[PDB]
Ligand SMILES: *[B]([O])([O])[C]([C][C]([C])[C])[N]C(=O)[C]([C]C1=[C][C]=[C][C]=[C]1)[N]C(=O)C1=[C]N=[C][C]=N1
């Protein structure tokens with residue numbers, strides 16, 4: 030997994046891949062790893078698909094339930110506290126590495142949560158298996174107060190360092206821009222691996238497989 | 001696994017046979033111990049395994065069928081309702097404190113119409129089971145070391161239209177193969193049968 | 004139909020008599036408080052009178068600190084007010100551990116009104132005979148500024164915001180002075196000096212005494228210093244002269 | 006009627022009678038007095054012995070809570086020993102968890118919440134006891150009184166008991182600013198021998214205890230030869 | 002406090018339980034619902050109070066399982082309620098759980114006497130333990146099993162039940178027993194039983210020209226089985242016909258309500 | 168009197184009647200006299216005389232440890248629930264510290280055992296009084312608990328039915344208890360116990376239990392055989 | 002391993018306005034055939050058909066808890082369960098027992114009756130949700146089925162020609178797996194009908 | 003801890019404690035709602051006890067999720083237990099089915115909370131009713147629970163003081179094909195005829211559930227409607 034994040038001038042940009050593998054074979058090629066938390070908070074996820082989805086939906090329903098009580102916009106620091114206390118009280122058994130990005134009244138908040146429960150608030154973070162190859166692109170080209178277009182291209186050029194180099198990652202670049210006002214989620218922002226040599230499509234006529242019984246049930 | 005259970009169903013009967021051997025690691029305690037427990041008047045089960053869990057599982061099943069006939073005014077439940085109650089006790093025991101029952105069993109029975117409104121099963125019933133909680137309705141089932149000798153024997157010779165005597169001489173071939181190849185001394189086999197008139201203890205084939 | 008009034012049971016006209024009898028424990032000590040918020044601050048004045056001269060006057064108080072940005076005054080039965088402070092300090096701390104941010108003032112008033120509703124629905128529990136007034140300043144949205152807040156919870160559980168409130172003995176004549184003052188100006192445009200004159204004069208029109216500066220204690224929260232603190236006694240004297248002018 | 010049978014019943018005017026009936030158990034009890042003497046606090050009480058054969062030291066109403074603080078009770082003796090054994094537990098918690106001696110205003114606020122928590126529930130009755138917390142912590146000499154309602158208040162001097170109105174006027178003649186702990190044991194004991202009459206009881210003696218800088222900030226009872234004779 | 006305990010689980014000085022007996026009186030002002038068990042099915046017919054023109058029908062799917070007065074418990078069990086309306090939903094949820102916990106541990110349909118025993122164990126339980134009020138509700142369980150066929154039960158708010166062939170709960174149940182007693186015979190068809198059911202319902206609420214807005218009906222008979230799947234169950238036998246609890250609509254009850262007034266009219270010309 | 172039914176109900180004069188009603192159980196039990204000396208504590212209990220030949224026996228004096236013992240009066244069914252608590256808490260002491268429990272600590276532990284039962288609604292006071300006979304490093308002790316939760320440290324006392332006359336006898340000799348020997352200290356206790364009896368009965372070995380704890384003497388109950396050395400020669404003289 | 006103890010492979014493909022689902026017929030104990038006529042498919046309504054693989058003790062126990070929960074859903078809510086609600090329901094069941102986990106791998110296929118959109122879902126044994134738009138497959142021959150399904154699929158298939166691809170993918174993968182085989186039972190299903198076909202296979 | 007029941011039967015056979023609670027639930031302010039072919043409107047009446055009680059702070063139209071809303075009339079603090087249990091039971095449905103709850107199933111769950119306290123030990127019943135309304139997969143709904151637990155499926159109704167003469171005004175003004183804008187036109191108009199003074203944007207509070215979403219109307223969008231009726 031090659032989830033990244035970048036703080037730019039006004040807001041954060043979250044990035045992810047789409048490949049999901051179950052034991053050295055590609056299970057899904059277009060999995061979605063940038064999740065929903067709030068109208069201002071998104072959350073990338075790595076690790077196990079069971080543990081990432083079930084820690085996210087529980088907190089994102091808890092942030093929604095806590096929003097009807099307050100009647101105010103939810104903080105990203107309270108989104109982080111609910112994630113780090115869940116991941117600590119199972120002691121790393123919930124194998125989910127998280128990248129949390131959002132915007133509050135105090136500005137953009139980008140921070141990551143380790144699967145053991147530790148938190149790091151940084152301008153740019155990478156998690157997952159291709160996090161080492163994606164960090165070297167961010168360490169070579171990040172600068173303070175980038176535009177929305179220069180940060181969206183820095184994020185997308187860091188995912189492809191995990192696509193073309195990490196075998197556990199690839200096939201697309203998912204990019205989610207979080208601003209103060211809106212939030213823009215693109216899925217087909219960068220598809221560097223297209224379909225080379227489209228399929229021969231071996232044709233089999235209907236009825237060539239031998240069938241012993243058939244039972245038709247009208248509806 | 002040292003003792004075999006052989007059961008096959010036909011058009012109007014279900015044969016069962018279970019070797020009455022009980023041992024202590026190489027020492028023959030018995031040779032005639034009944035291992036085919038008569039649950040109901042038309043239902044029986046042929047459990048295999050060591051004698052610890054085998055009695056305590058069958059007494060829990062038998063006393064609960066009788067209790068469900070006390071509370072329901074003597075109405076005999078079907079063979080599928082008994083078999084599904086059995087594998088509930090196998091499957092809930094592999095995820096418990098005390099551990100799994102080490103019993104392998106073959107359920108057998110005959111379905112009779114309890115009233116005029118009953119339009120259920122009329123024929124015979126035979127269910128393969130396991131110690132984990134597997135349940136499978138099967139034409140013939142076998143456990144033990146000699147199971148694979150006699151399951152491929154019943155692949156050769158079993159027919160759905162066998163009579164009471166033709167299946168009686170088939171079970172004699174089933175008992176003589178286990179005496180021929182299995183190193184474990186199974187000499188007495190306790191053949192019983194379930195028909196429309198209840199259970200019956202066949203004296204001839206042993 | 005035997006008792007009709009002794010535990011939490013609906014009267015045949017649909018009332019709770021243990022709620023209406025706990026309102027009377029607020030006016031029974033004979034004290035009074037007035038809270039008001041100006042454009043950029045919150046004030047809480049309260050009668051701080053000690054009848055015995057042999058009593059240490061800096062121990063008996065009604066102004067408490069719940070969290071370092073929320074203060075409160077407890078008007079009613081005095082040991083019941085100390086009980087609900089310890090409840091609100093637990094809820095503000097357990098909010099901090101579980102959610103990581105400081106508790107909003109509107110949410111701390113709601114979670115203390117849910118504690119008062121349980122005590123008037125289960126039959127065995129006694130209601131707290133005290134009116135709480137949690138004051139503070141909340142972080143506003145879409146601009147980032149601070150904003151003055153006043154929240155009051157009844158012994159029944161009726162929470163709600165306020166511009167200016169009053170609790171205790173002759174709280175009706177204190178409301179009547181503040182509404183009469185509300186007809187001329189607009190209270191969310193006044194300053195801290197101007198709003199301090201009204202809350203002290205509202206405490207004067209009800210007691211009819213024009214009390215001294217040691218017979219009150221005042222706590223405040225300001226947009227520059229958001230922490231709750233009580234005023235010095237020298238600043239009350241600069242306000243009591245202006246009311247006489 | 007049934008409006009004064011338990012604690013969870015407000016009256017028609019917002020009063021709780023079982024608390025106020027418990028306040029009559031203190032007003033019918035023996036006389037208590039105290040004084041804050043600008044380097045410490047002196048507390049004296051009168052033990053009403055009901056028999057000639059009681060050992061000297063029996064029914065001591067003064068108990069040490071911490072090394073620097075101690076609660077003298079006024080009211081029922083066995084009800085106040087539940088207050089003493091609770092405030093000891095509150096003072097052991099600050100030494101074992103927070104590594105600090107408990108402050109005088111904080112120990113009294115823990116007493117007033119234990120006494121208040123038994124006035125809000127139907128199964129419990131309020132204490133027939135007024136606890137006098139005399140402390141000398143890092144906030145100076147403190148003197149508090151917790152009534153059965155759970156109300157705590159810092160005092161300079163206090164009279165509690167039957168003749169608490171006559172002994173209060175005898176405390177108004179003292180100073181409390183130039184007053185020291187050396188003279189006040191002779192003064193406060195002389196309040197009790199003048200405020201109390203021998204025409205009801207024959208056996209009455211006084212029990213004085215202080216905490217001050219001369220006793221190394223330790224709550225101690227008196228040496229027996231410092232108290233006036235009569 | 003122990004003074005204001007109303008002492009519900011205590012005897013009278015003559016051996017009577019007042020909270021049970023007052024719960025029986027609460028059902029005496031409930032809506033009248035009657036059932037009758039024929040040979041080829043059992044029908045329930047009840048009355049709901051007057052439709053105000055601002056009521057709305059909650060637009061459900063497959064309207065055979067939740068009516069105004071009749072409820073489905075399992076695929077072979079139906080019921081109907083007279084008593085406190087909100088009190089029945091606790092026992093209706095408890096009856097649906099026990100009927101499905103039986104299918105979990107046995108994989109067979111539960112007997113109608115077996116469910117009627119397990120929900121009357123709950124109702125007797127609050128009459129003896131807890132010191133709280135009992136359930137003020139009365140049921141009419143109907144359903145088919147393979148043990149005794151079509152059955153019909155009552156349920157008292159004390160834990161007591163009884164099997165019946167026709168019964169009445171609600172307003173004027175003592176009246177509707179005598180009218181069912183005057184004409185009930187064994188070999189009765191469902192059309193003769195549903196015409197019996199609607200005709201006695203008009204008697205108690207003294208209404209010639211039975212109105213369809215104020216009458217709710219539900220029948221419990223066996224339909225031919227359609228969801229038989231022998232290919233995914235090779236060694237499992239499916240029965241020929243299966244029982245289906247259903248609730249008749251206004252297009253289904255109008256051919257049957259226009260036969261009950263004419264049968265009232267047929268016994269009207271021969272009155273003098 | 169509608170303020171005497173419950174335990175958690177104060178009177179409008181400020182009295183607790185259920186505690187004052189349990190105090191009448193102690194005043195109706197058998198008379199027992201405790202007398203403390205300089206190194207010895209002597210308990211003298213008055214057990215029941217036989218009905219003209221048949222001798223009923225009922226155990227009042229209890230041993231708590233080697234250095235503690237007590238005699239009860241009132242509800243003897245609550246005097247044994249206290250005997251279960253006192254004996255257990257003296258075993259838990261000597262397990263931890265390998266020495267006998269001090270009496271000033273123990274008298275403060277009985278008073279909190281009476282106190283848990285006088286403030287909850289579904290509990291009742293122990294309708295029984297005690298007379299602790301103890302010895303420790305600080306010398307001999309003589310206590311007495313009442314159902315209110317009080318505990319009184321005495322020089323000499325007497326509780327039981329018509330024990331006011333025994334208390335009147337002890338209020339003339341209690342100044343001369345630090346000077347008598349053990350044989351005189353038993354004699355002051357038995358002359359006190361004989362003044363609480365009926366009009367036509369005197370003391371012998373059949374109706375008296377004598378319990379002595381001392382400095383080199385563990386808690387010893389002198390019953391029928393060994394009690395004759397202080398009870399054969401005895402006469403209540405006027 | 003415990004997962005490949007009983008044998009059996011279940012897959013599903015998605016078509017234009019239809020989907021298929023197909024299991025084998027073998028039950029076993031690690032080498033020996035116990036039964037030869039046992040499917041792995043389950044039908045709850047006229048839109049959702051799901052198949053279980055893994056340990057046969059858990060294949061029957063989990064399918065009893067599903068039928069306990071699907072029929073209780075129809076009593077509470079007066080409606081049939083939908084595909085997105087059924088797949089998210091038993092996703093939650095495999096996550097509650099995460100440390101005592103069930104040894105099933107449910108392969109869910111569903112369709113909208115009114116809209117016509119297919120919905121595939123194949124969770125893991127610990128409940129990991131995953132919805133591909135092309136095909137899903139689980140079982141002992143699952144590694145052989147990702148080669149057969151991916152080299153033969155196209156998005157625009159008719160129901161008659163989607164059956165021919167799924168049948169040749171199951172059989173060619175079961176001729177290389179020694180824990181699956183003995184024929185196959187398939188079920189094509191459209192908006193209008195459900196057709197259940199039994200397929201010739203090797204009896205090896 | 004007082005585990006005995008407080009609500010019991012009478013010798014007439016009536017739960018007299020719940021009969022008292024329905025009197026308590028009819029002494030609130032007038033809350034109402036109407037349906038339409040395109041949505042459901044709910045309308046409240048924020049009665050300010052003074053001019054100093056911050057009319058923008060108090061609220062009576064409660065939004066429960068992205069598709070359900072509510073409005074009460076009775077005891078205020080008793081309602082907040084019901085709304086906090088209805089907001090909680092609606093989030094537990096989305097964590098288990100990935101679907102918005104139907105308005106039928108949410109009202110069955112909160113009716114099991116009314117009936118729970120009418121058969122529990124030591125509690126009294128609730129003294130407030132609700133007006134639950136919202137969308138689901140089979141159209142638009144407007145329900146109305148009672149303190150007994152008895153819930154209904156209304157089409158236009160009203161609760162509180164001045165409710166029987168405002169519900170009769172809803173009979174005379176409802177039409178089977180009312181549009182959504184026609185519904186807001188008549189929901190505000192039936193508030194006015196029982197209202198004491200002159201209703202402003204800070205004096206009432208409405209919320210009209212539209213097409214998937216409940217969306218309590220703001221102070222500017224409701225000011226557009228007051229100067230139109
Ligand atoms: B990351 O590699 O894109 C991804 C994270 C995301 C899908 C939650 N990880 C996976 O692909 C995991 C396996 C894994 C690989 C390397 C480290 C940790 C975990 N895959 C799954 O959890 C999975 C399995 N089956 C179906 C769907 N997803």
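Protein chains in written order, with PDB author numbering: chain I, 30 to 248; chain K, 1 to 206; chain A, 4 to 248; chain G, 6 to 235; chain C, 2 to 273; chain F, 168 to 405; chain J, 2 to 205; chain B, 3 to 231. Each residue gets a CB set at the ideal place from its N, CA and C atoms; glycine is no exception.
Contact set, ligand 1 heavy atom to C-beta under 6 Å: I/30, I/46, I/48, I/49, I/50, I/51, I/56, I/57, I/60, I/62, I/74, I/75, I/76, I/77, I/78, I/81, I/157, I/158, I/197, I/198, J/125, J/129 and J/131
Count the C-beta pairs between the region 209-219 of chain A and the region 84-94 of chain G that are closer than 8 Å, then say yes if the count reaches three, no if not.
no
Per-residue contacts from residue 6 of chain A into chain C (C-beta, under 8 Å)
5
Have a look at residue 161 of chain J and residue 18 of chain J and give me their C-alpha separation to the nearest angstrom. 12 Å
Q: Can you grab the Cα-Cα spacing for the pair residue 61 of chain G / residue 54 of chain G, in whole Å?
A: 10 Å
**Residue-level contact to chain A via CB, residue 115 of chain I, 9 Å cutoff** = no
According to DSSP, is residue 259 of chain C part of a helix, a strand, or is it coil?
helix
Enumerate in chain order the residues of its own chain whose CB-to-CB distance from residue 178 of chain B is below 7 Å, with the five nearest sequence positions on each side excluded.
none
Open item on the list: Between G/167, G/17 and G/40, which has its C-alpha nearest residue 184 of chain G's C-alpha?
Closed with: G/40
For the region 25-40 of chain G, enumerate the residues whose C-beta is nearer than 7 Å to any C-beta of chain F, in chain order.
26, 27, 29, 30 and 33
Exercise. Inspect the beta-carbon positions of residue 56 of chain B and residue 164 of chain A and report whether they are closer than 9 Å.
Key: yes
Check your understanding: To which residues does DSSP link residue 38 of chain G through a beta bridge?
Key -> G/49 and G/164
* Asked: Under a three-way DSSP split, which group does residue 13 of chain A fall into?
  -> strand
Residue 22 of chain K by DSSP, collapsed to three states: which one?
strand
Review point. Along the chain, where does the alpha helix (DSSP H) that runs through residue 84 of chain J open and close?
Key: 84-97
_For a cutoff of 9 Å on Cβ pairs, would you count residue 156 of chain I as touching chain B?_
no
request  = In the DSSP assignment, find the unbroken beta strand (DSSP E) run with residue 139 of chain I in it and report its ends.
outcome  = 136-142
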